[PDB]
Amino acid sequence: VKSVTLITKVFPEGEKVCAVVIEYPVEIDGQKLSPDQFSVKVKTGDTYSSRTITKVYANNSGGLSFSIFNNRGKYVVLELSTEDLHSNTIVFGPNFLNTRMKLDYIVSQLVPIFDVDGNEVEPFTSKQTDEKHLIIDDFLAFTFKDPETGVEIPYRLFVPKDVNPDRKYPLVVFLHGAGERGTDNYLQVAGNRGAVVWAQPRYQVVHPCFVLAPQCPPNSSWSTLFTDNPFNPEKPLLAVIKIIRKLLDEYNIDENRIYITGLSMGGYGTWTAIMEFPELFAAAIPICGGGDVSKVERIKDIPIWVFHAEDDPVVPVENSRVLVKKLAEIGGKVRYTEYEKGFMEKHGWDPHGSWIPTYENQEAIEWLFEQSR
Amino acid sequence: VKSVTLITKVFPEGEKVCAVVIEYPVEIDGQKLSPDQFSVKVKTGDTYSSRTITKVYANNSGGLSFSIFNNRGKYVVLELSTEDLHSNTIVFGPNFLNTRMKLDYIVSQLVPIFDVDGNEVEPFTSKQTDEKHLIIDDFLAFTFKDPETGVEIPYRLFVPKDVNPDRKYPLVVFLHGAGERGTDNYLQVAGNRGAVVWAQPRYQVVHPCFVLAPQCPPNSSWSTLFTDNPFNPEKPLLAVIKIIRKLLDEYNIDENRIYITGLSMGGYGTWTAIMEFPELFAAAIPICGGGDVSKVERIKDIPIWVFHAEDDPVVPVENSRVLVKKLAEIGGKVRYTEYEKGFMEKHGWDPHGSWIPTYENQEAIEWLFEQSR
Amino acid sequence: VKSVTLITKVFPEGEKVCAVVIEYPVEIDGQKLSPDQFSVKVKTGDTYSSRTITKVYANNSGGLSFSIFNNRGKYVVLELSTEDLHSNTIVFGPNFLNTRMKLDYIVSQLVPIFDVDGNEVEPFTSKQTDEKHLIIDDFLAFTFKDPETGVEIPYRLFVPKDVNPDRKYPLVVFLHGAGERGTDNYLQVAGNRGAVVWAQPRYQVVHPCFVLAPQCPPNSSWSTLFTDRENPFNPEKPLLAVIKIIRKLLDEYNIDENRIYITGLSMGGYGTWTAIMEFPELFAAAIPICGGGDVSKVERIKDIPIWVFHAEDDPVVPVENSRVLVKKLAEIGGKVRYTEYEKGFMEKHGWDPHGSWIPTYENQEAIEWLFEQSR
Amino acid sequence: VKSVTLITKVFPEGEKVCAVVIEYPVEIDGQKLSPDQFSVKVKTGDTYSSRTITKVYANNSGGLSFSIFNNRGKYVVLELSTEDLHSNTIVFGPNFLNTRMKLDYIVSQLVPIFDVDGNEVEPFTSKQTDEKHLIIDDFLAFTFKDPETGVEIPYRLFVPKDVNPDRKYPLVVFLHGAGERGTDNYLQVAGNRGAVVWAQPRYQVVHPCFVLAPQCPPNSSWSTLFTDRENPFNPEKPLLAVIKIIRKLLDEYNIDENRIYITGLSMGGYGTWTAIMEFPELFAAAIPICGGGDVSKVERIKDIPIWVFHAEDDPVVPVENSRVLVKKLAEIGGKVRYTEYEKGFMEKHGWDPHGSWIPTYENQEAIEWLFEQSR
Amino acid sequence: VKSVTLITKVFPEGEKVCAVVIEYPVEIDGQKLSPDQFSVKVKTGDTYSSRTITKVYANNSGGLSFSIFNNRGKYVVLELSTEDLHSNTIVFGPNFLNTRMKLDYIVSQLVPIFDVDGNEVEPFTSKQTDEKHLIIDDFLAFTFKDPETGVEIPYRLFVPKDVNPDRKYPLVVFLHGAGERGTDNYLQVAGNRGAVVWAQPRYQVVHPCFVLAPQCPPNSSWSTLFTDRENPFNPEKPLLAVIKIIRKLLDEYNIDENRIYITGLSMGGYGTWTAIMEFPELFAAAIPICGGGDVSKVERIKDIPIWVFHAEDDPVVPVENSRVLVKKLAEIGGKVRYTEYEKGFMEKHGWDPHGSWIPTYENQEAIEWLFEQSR
């Protein structure tokens, strides 16, 4: 068997293994395939536990493309349940610091299966020969060192394809994630849909654009939140602005539509970037953060859509209310969606994670792309 | 008993029997009625199986109008569960060709029931004496023969009521449905809410309008999809344009607001009608189809809202993406709602059936009626 | 449709309607019948509730019989869940007096059905036209007028069938509990399996067998239980009458003076203890279920085989009532057995702990044991 | 991997695959094994379904034995739910003829596992390489050729072990039902616990014991049941042959002429009734389960202890068939017992009411009773 | 509130807290009480979990007694689900040594309640103030000092009540299993129904009865089981001591030398086998449950009635241990019975297969049988 390839996809909750794709040396008859023919298990961290296969099928493609008219062949896709316990690639160890386990899978075809010419294909068992990281393999990895010197900032950059080069396109800049701090240049783009949502074909076909997901080192934050008032720019945020300038230097990016959005720490981060560099950004979506209300007047002309859940037990909701109230009463350009108590838990999410429905809200995506300077 | 009348209503999934209405020769006390007093069963096709009665009540009306203040009399309504196995009137036999069984019901009042003057009304059992087809009996049946000659095209036409005649009103033209092909002049209007949604009082009170649901014969399609590139007009679509001209000839229809929408085969159909007759239509909603991207420039000024689910295993989603991407980058007037993988199955629908949420989306109805030339 | 007949049968917790039999104008093939073609409902008391039909079949007998081989005939049997709420015929009224519901059913064939001839019998709906009381209908009804005391006592008696007139057979006499008191001559045979078990074919065919089941009248009781707060151990008129009727039976029938057994529950349990103690000469063996006791008198019963039953947690009749008789019986040289149902045993099996007669009449060992007794 | 062995065992409703034993090249610690490390599947008939693995453990025996103390060895046992749909080895074909499925399994170790040495045996997948028939493999296979009639009769015989050659022991002869007819010499010992119960260690160790289990051939039957519609009570060739083989056994073995017991079910129940009535001199005691009867002949069997079993609602063999023999037996002076399973009792326990042999062979009282009989 | 008393009772799997009784300052009507007015909780070990209250009622006794008739008094009984996780008093520690939890409860009346006087007792909350050990509190505690060997042996002895001093009565001696070893004199009477069943009123009233339940000390065991890897069949000091104490009892009490019965499980099963084989003259009958054997010695026990019990799949004590003694007993002329619980039987009933003492002490046949034995 040529390979068995784990597929990962970023789900509102974070990155998960959603499929295994097995490459056969012959052409499998999908019609006759079924979940009970295979097993897929995940190592954590010393025993394996089962993954629920929900669907099976086939193609000469080898991503997750199902077609009823030819269910075949070389490639067999086993879909996995995203509700499985160990579906997540990221484990939230006991700080504001998550990590991404190396992926450890064993896969077996359990019984013989029929190929297109009606042979049997014999059982096999195998560890994976691959990962493939969906929409997260299309973000370029880069490093930027703040010279003079010298905080290094890994970042991920999505460049649109294939999109006439004598035109300029928006930049969406994203800020994770206390949990997503680190040095690996992956967490920031995998913790949630913050960076990746903008890169989905559904939105790219209609708002082609760049996305920037920089990564804050451990023990630092975007604002002086974790380094002590928590509202001033900290050197990682400082460095991001410079990365933005480099990107406009290097790429056909529309200076009139640089958008910024961020989450929790990256919430503070968003308010802070707009309040310190207010000529730079065309619009903002700060999610469950705070910022300096004495400085709201600087940003009265930036369209902003604020999000926060009422029952956020990590970042008090009042941190959004206060900015929203001041912004609005001074002539504004502000929206505000304050998720009701119980809403989040009703949808199976920690009430801090208000970024989940926010990035799943097509009204807000569309809104952002209507902004300009 | 004067009659027992099956009521049908078109549900997003298609037409179903949702009630039985029994006409008594005296006036029944609804207060005292209950589901366990009756039985309703459906013949398929050689045994009968039970229908779940969910609610009972009464009136001098005899559609499904429940009133708590007088629960009486002549008329007894038994509501049926739309989740029942054999609730659908249409069976999807093994092609791209569905059919509508003749309706075969037996109904019994099981125990004596009380009338308003406190008599008993004795048990009875009966086959149905009637169908009544809701909002599907308000579409006129007509035939059009393409003279010269001679493909005949049955069609259904909803004419608004009662709406000052010295004014012009929009035409909504709908295209089913590979499955809904046939000759009966019913399938097209019963397969799903494609034609009927526009005719609902909720929308008619505020956007009075005509609707046209023509029917494509078997073995043909709207575009050269099923007759072989699948993007050119096939003679049934050709004939529809002529039916549209006849209708403007015959009816006070606003030439500036002829809207077109369609589904799958009728998806291709929609793109095709706009790309070949671009002066004719004011807006379009193509659902899960494709069309010719070399011809997108002709339609750059037609407002279009495209719909497709990501995991459509019949019509690849890329068929919408490609048109959307080209349309947008050339100056557009295009929306796009690409339902996420898992969305459809989460709501109990085959992921091909993206027309179901689309016609259930009040934003899209309203949108269409804001268009004009 | 010729008739619709309610089939009742006495189950451990009393008599329930277990089947409905419809006599069709022609025969019918049951192979093609199915539960969802019919409906069965009870009234209670001004609405109906459904009986759940668990199997449909056909025979030519009219009872419950079914062979895979010939599932056909003019009779269609609809069997009903015995676990249905409204299956019991007897509503337990207060305080200690039960009443049987006049039975009230409507039945439907809902869809056409195939016949042997055929091919279609049309839907019908109907009240019932007949009860059939399976096993209760083999007990002849009689009334006895006690010529010494006026008291009238209705009774039901089972006479064995196809038995040699030249041999003699045992008599089982059953005394019912308070709740079965009445004047209808039905209750005491339908409230539990107390009379009827002895009359089941499974037992009759190995131990043919008369059964006398007397009814005691609503404002007395077998012993001075309900007719005195001093010592409810003395024989009351109804019990005394029962004796005279045992003697009528002996005169009228080929009954074996040496094997007149006696059992009863609760008020009938006191009844049983009182009977054997006041007439030690009469009975071969006794099964007193939840009753009570003249302890001063166990010496007269020293030689009668007795198997006592009671539940530890009986909240109506303290278990100590059986324990005391058994203790004394035992220490005096006995011929006594005693099964005392553990706390919780009854509710575990879904039974009020007072109803200890329920597992007892279901005990094959107990039945067999009674029959190996004699004088 | 040295072998993968299917363990079958005869359960009350017939023979099921209950375990899969894998012989590994080294020993293994079961302390560290768990059900989710393996997979077990049957074919039927061109797909597989899973057997549910309920416990994993190791021994050095190769059978089902497990001690908490040393959960280790080259053998790994995967125990399987006996409630799985595809556990039975025997598919009930029509009309009255069952067939055993050639067995078809694939087994997997899915993840690496720790060994004693060690530390890793890699995943493998495999068809089985062996059946082991637990208890059916102690019955020697023989065929007898009846020299008077040509008929060939395959039979299985259990010979006791570690028993004194100088004493003599009982013979239990089992006659199987219609469905077990055939020519394979396996069916009649695997279809139910009829032969094998007598051969279980729990009983052998208190009542050592030969068991003869003859097979009757697909187009006849023990009595003139299936070979005549006039009176299916006469001995047919297969039964007659069985007698001759009892005599061979007596000649060849230290069997006690005074304790040749006989039981069978259904066609074997008729068989049993016919055998004892036509050869009253031969058998010490009989257990005929759902069979039928020459009533004219019970006088010859007057002195044979007999315990009849039947279910009231048997839809294949009317219960009246047992009732009639029992009634007569009883009134003539007997030595007859009779347990008749109440309507519903069988389905309550999940059993077709015809299979009354199932609770019967599970009755310790019945087994014990047979062994206290003799001439 | 006068007191809150924990009611414990010995259930087949050991002693559980089954009720909580509250003594109120006045009487109370239980007719008006309901489970949701109270709360009951255990500690374990630094949190509490709820006991589920299944019924509330009142009496004037203080124990579990309830009559429908007078549901009233100063005592309020809260009955608790015996299926609750934290109901057992005994935590099974390692390796083979169990310990009883000091008991730790808090109880609440949550809402006001109506009294007889009345009309309101206010909410209260409280630790318990009392245990009451139902049946374990009828066994007097004693210690014996073996004057030949120093060994001290605690024991519990049940003396019958209201019994004639002039007659003599049986002695049942129970030897507990490894886990009940200790020095507390409680374990061996609370770990299972081994001692206490004989002491239940249901049995006492038909077979009055002493029960001796000795405790063996944590680092030995009745036979040379845990004190030698050569042959664990010899009498160890603790067993020897037990004998001397049987003799003390005979001296001190009206015990019948002809009916000293003996039973024990596991380590107590070995104990039982060893006892009767080394002192054949002493015991009338034995029930050894999952134990093991000096096979060379069964000839001395040839005449002792013995009913052995073991489960086929016991993973601690191989069933072959019972099979071997039974086989020999049988072939030598016996007086031996043997019930061997089938594989799966135990787990089906929710029991570890080693605990075969659980169904055994629940077997009325076994109990009755022991009592018909004598010399």
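Residues numbered from 1 in each chain as written, not as in the entry; some residues may be left out. Chains lettered and ligands numbered in written order. Part of a larger assembly, values for the part shown. Heavy atoms only, no water. Residues with missing side-chain atoms left out of burial classes, pairs and counts.

Structure determination for this PDB entry is given in the record as X-ray crystallography, at a resolution of 2.60 Å.

The PDB entry annotates chain C as esterase originating from Thermotoga maritima. This deposition appears in the PDB under the title "Crystal Structure of a Thermostable Esterase".

As recorded by the PDB entry, chain A carries the name esterase and is attributed to Thermotoga maritima.

> I would appreciate a short explanation of the environment of E:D46 in the present structure.
Residues and elements named next belong to chain E. In this fold, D46 is placed in the loop between β3 (38-43) and β4 (48-51). Take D46: its relative accessible area is 77%, and that puts it in the exposed class. Residues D46 and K327, spaced 281 residues apart in sequence, show a C-alpha to C-alpha distance of 52 Å. (Helix = DSSP H or I, 4+ residues; strand = E, 2+ residues; numbered from the N terminus. Buried < 20%, exposed > 50% of the residue type's maximum accessible area, 1.4 Å probe, protein only.)

> Is there a simple way to think about the interface of chain C and chain D in this case?
Quoted interface sizes are often the accessible area lost when the parts come together. Chain C puts 18 residues into the contact, and the matching count from chain D is 17 residues. Roughly 1500 Å² of surface becomes buried between chain C and chain D when both sides are summed, with 51% attributable to carbon and sulfur atoms. Contact with chain D buries area across many residues of chain C, yet C:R202, C:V205 and C:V206 alone supply 38% of it, more than any other trio. A salt bridge links C:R202 to D:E340; the shortest N-O distance between them is 3.3 Å. For the pair chain C and chain D, the number of links is 7 residue pairs in polar contact. Here the side of chain C that touches chain D is built from residues that sort into 7 nonpolar, 2 polar and 9 charged. (Contact = heavy atoms within 4.5 Å. Buried area = accessible area lost by both parts, 1.4 Å probe. Salt bridge = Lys/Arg side-chain N within 4 Å of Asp/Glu carboxyl O. Polar contact = N/O pair within 3.5 Å; in protein donor to acceptor, adjacent residues only side chain to side chain. Nonpolar A, V, L, I, M, F, W, Y, C, P; charged D, E, K, R; others polar.)

> Would you mind going over the nonpolar core with me for this structure?
Here is a general trend for soluble globular proteins: nonpolar side chains tend to be buried in one another's company. Counting residues in each nonpolar core, the largest one holds 46 residues, and the members touching the most others are C:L171, C:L212, C:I246, C:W273, C:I276, C:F283 and C:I301. The greatest single-element share of this core, amounting to 7 residues, is contributed by helix α3 (residues 237-252) of chain C. (Core = buried A, V, L, I, M, F, W, Y, C linked by side-chain atoms within 4.5 Å.)

> I tried to follow the pairing of strand β1 (residues 3-11) of chain D on my own but got confused; where do I start?
Residues and elements named next belong to chain D. Within β1, 9 of the 9 residues are buried, leaving the element largely enclosed by the surrounding structure. Residues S3, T5, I7, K9 and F11 of β1 are buried on one face, and the alternating residues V4, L6, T8 and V10, pointing to the opposite face, are buried as well. Here β1 pairs with strand β2 (residues 14-29) via 9 bridges, running antiparallel. In the sheet register, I7 faces β2, and the bridge partner there is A19. Between β1 and β2, which pair antiparallel one after the other, the connecting turn spans 2 residues. Bridge count for β1 against strand β9 (residues 130-134) is 5 bridges, and the pairing is parallel. (Pairing = 2+ DSSP bridges.)

> What is the right way to look at the domain arrangement of chain A in this model?
All names here are of chain A. Structurally, chain A comprises domain 1 (1-135) and domain 2 (136-373). One C-alpha centre belongs to domain 1, the other to domain 2, and the line joining them spans 33 Å. With 17 residues of domain 1 at the contact, the number on the domain 2 side is 23 residues. Taken together, both faces of the contact between domain 1 and domain 2 bury some 1700 Å²; the carbon and sulfur share is 61%. Looking only at domain 1, the three residues that lose the most surface to domain 2 are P12, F96 and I135, adding up to 44% of its buried area. We note a salt bridge from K132 to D137, for which the minimum N-O separation is 2.7 Å. (Domains from an automatic or database assignment.)

> What is the right way to look at the packing of aromatic side chains in this model?
Both the distance between ring centres and the angle between the ring planes are used here to describe each pair of aromatic rings. Summed over all chains, the structure comprises 79 aromatic pairs over all chains. For the ring pair B:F174 and B:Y359, a centre distance of 6.5 Å and an interplane angle of 80° mean the geometry is edge-to-face. Across this residue pair, the class does not change: B:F174 and B:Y359 are buried. Taking the centre distance of 5.1 Å and the plane angle of 40° together, the rings of C:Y57 and C:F66 count as tilted. Its relative accessible area of 33% is what places C:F66 among the partly exposed residues. (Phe/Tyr/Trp six-rings, centres within 6.5 Å; stacked < 30°, edge-to-face > 60°.)

> Even after reading the chapter, I still don't get the interface of chain D and chain A, so can you show me in this structure?
Counting from both sides, the interface comprises 11 residues of chain D and, opposite them, 10 residues of chain A. In total, about 1100 Å² of surface goes out of reach between chain D and chain A, with carbon and sulfur atoms giving 64% of it. Three residues, D:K41, D:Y48 and D:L110, lead the burial of chain D against chain A; their summed loss comes to 38% of the area buried on that side. Between the two partners, chain D and chain A, sit 2 residue pairs in polar contact. Broken down by secondary-structure element, the contributors of at least two residues to the side of chain D that touches chain A are β3 (38-43) and β7 (105-109) of chain D. By residue class, the composition of the side of chain D that touches chain A is 6 nonpolar, 3 polar and 2 charged.

> Is there a simple way to explain the domain arrangement of chain C in this structure?
Residues and elements named next belong to chain C. The domain architecture assigned to chain C consists of domain 1 (1-135) and domain 2 (136-375). With both sides pooled, the region where domain 1 packs onto domain 2 buries about 1700 Å², and carbon together with sulfur makes up 61% of that total. At the boundary of domain 1 with domain 2, the tally comes to 1 salt bridge. Joining domain 1 to domain 2, the criterion identifies 12 residue pairs in polar contact. Listing elements by their share of the side of domain 1 that touches domain 2, those giving two or more residues are β1 (3-11), β2 (14-29) and β9 (130-134). The element best represented in the side of domain 1 that touches domain 2 is β1, accounting for 4 residues.

> Explain the environment of C:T99 here, please?
Residues and elements named next belong to chain C. Mapped onto the secondary structure, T99 falls in the loop between β6 (72-80) and β7 (105-109). Here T99 falls in the partly exposed class, since its relative accessible area comes to 42%. Beyond its immediate stretch of four places on either side in the chain, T99 contacts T89, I90 and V91.

> How do you make sense of the sheet that holds strand β2 (residues 14-29) of chain E when you look at a structure like this?
The pairing of strands in a sheet comes from backbone hydrogen bonds and takes either a parallel or an antiparallel form. Residues and elements named next belong to chain E. Strand order in this open sheet of 5 strands is β5-β6-β2-β1-β9, and the pairing throughout is mixed. A strand with exactly one partner marks an edge of an open sheet, and here the two such strands are β5 (53-59) and β9 (130-134). Averaged over all pairs of adjacent strands, the angle between their axes in this sheet comes to 25°, without regard to strand direction. By the bridge criterion, 7 bridges tie β2 to strand β6 (residues 72-80) in an arrangement that is antiparallel. Bridged to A19 within β6 is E79. (Axes fitted to C-alpha atoms, helices over the stretch in contact; angles between N-to-C directions.)

> In this structure, what is going on with the sheet that holds strand β13 (residues 210-214) of chain E? I would like to understand it.
Residues and elements named next belong to chain E. Spatially, β10-β11-β13-β12-β14-β15-β16-β17 is the arrangement adopted by the 8 strands of the open sheet, whose pairing is mixed. At either end of the open sheet lies a strand with only one pairing partner, and these are β10 (139-145) and β17 (336-341). The mean angle between the axes of side-by-side strands here comes to 20°, regardless of whether they run parallel or antiparallel. Where strand β15 (residues 285-289) and strand β16 (residues 306-311) come together, 2 bridges link them in parallel fashion. Residue pairing for β16: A286 is matched across the bridge by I306. Its contacts with the sheet place helix α8 (residues 364-371) against β12 (169-175), β14 (255-265), β15, β16 and β17, and it is angled at close to 150° to β15.

> Quick question: what am I supposed to make of unusual backbone geometry here?
Residue A:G73 is bonded to the preceding A:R72 through a cis peptide linkage, with omega at -10°. Among the secondary structure elements, A:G73 is positioned in the loop between β5 (53-59) and β6 (75-80). Note the cis peptide between E:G118 and E:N119, where omega equals -25°. You can see E:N119 is positioned in the loop between β7 (105-109) and β8 (124-127). Despite not being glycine, B:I135 has its phi angle at roughly 55°, a positive value. One can find B:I135 in the loop between β13 (130-133) and β14 (139-145). For B:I135, a relative accessible area of 22% puts it in the partly exposed group.

> Would you mind showing me how to read helix α8 (residues 364-371) of chain C here?
Working note: α-helix, 3.6 residues per turn, so residues spaced by three or four point in the same direction. Where α8(C) is concerned, the buried positions are C:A366, C:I367, C:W369, C:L370 and C:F371. Measuring from the side-chain oxygen of the N-cap residue of α8(C) to the backbone nitrogen of C:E365 gives 2.9 Å; that N-cap residue is C:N363.

> Even after reading the chapter, I still don't get the pattern of salt bridges, so can you show me in this structure?
A complete count under the given rule lists 90 salt bridges over all chains for this structure. B:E338 is the partner of A:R202 in a salt bridge, and the nearest nitrogen-oxygen pair spans 3.7 Å. One end of the pair, A:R202, is in helix α2 (residues 201-204); the other, B:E338, is in strand β21 (residues 334-339), on a second chain. The residue E:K302 makes a salt bridge to E:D303 at a minimum N-O spacing of 4.0 Å. The class of E:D303 is exposed, set by a relative accessible area of 52%. A single network of salt bridges, built from pairs that share partners, joins A:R202, B:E310, B:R321 and B:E338.

> Is there a simple way to think about the pairing of strand β11 (residues 152-158) of chain C in this case?
Taken residue by residue, a regular strand's side chains alternate between the two faces of the sheet. Residue and element names in this part refer to chain C. Within β11, 6 of the 7 residues are buried, which leaves it mostly tucked inside the rest of the structure. Here 7 bridges tie strand β10 (residues 139-145) to β11, and the two strands are oriented antiparallel to one another. Bridging across to β11, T143 finds its partner in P154. Following β10, the chain reverses through 6 residues before pairing antiparallel with β11; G150 in that reversal takes a positive phi of roughly 75°.

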